[PDB]
């Protein structure tokens, strides 16, 4: 575990993370995809061997000794708000199990279902709160990776609020 487990946020490419493992915002078929998934495919292509897994699950594949946790959030274009909310919560619970099983002291994580799976809605608060529900009982240092400056500010404020 980390000596004083923390949450941090950084605005940069998750493929350049400084953590002991990465969470991919994966599609269920293990395809290269776009966004986080495509940068992850370019950085760790070996990790996409038998990475396909259902919505609401996480499957870890090693790239050398570096663990890539493929976490499949729901595409809110396809799910009802209610069913999507349940699957998004479940994907993060499966991430917490994998991070714990791997015995890592740190993990790089994107906000699942906030990009091309958002069904065109702002899901910063919904996705971040499900991340906290899952990860709060783990002792890994969590570093959240985001793209836009307003998202970095809002994620940083939500972390600082609970400290």
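Numbering follows the first chain given and starts at 1.
- Averaged over C-alpha atoms, is the B-factor higher for 148-156 or for 135-143 in this PDB entry? 148-156 has the higher mean C-alpha B-factor.
Item to check | Entry-level comparison of average CA B-factors, 118-126 and 90-98, reporting the higher stretch | outcome: Mean B over CA atoms: larger for 118-126.
| task | Tell me, please, which of 56, 110, 67, 35 has the highest C-alpha B factor according to the deposited entry? | result | Largest recorded C-alpha B-factor: 35.
(Q) Quick check on the deposited entry: does the C-alpha B-factor of residue 39 sit in the lowest, middle or highest third of its chain? (A) Highest third.
Which third of the chain does residue 74 land in by C-alpha B-factor: lowest, middle or highest?
Within its chain, residue 74 is a middle-third residue by C-alpha B-factor, going by the deposited values.
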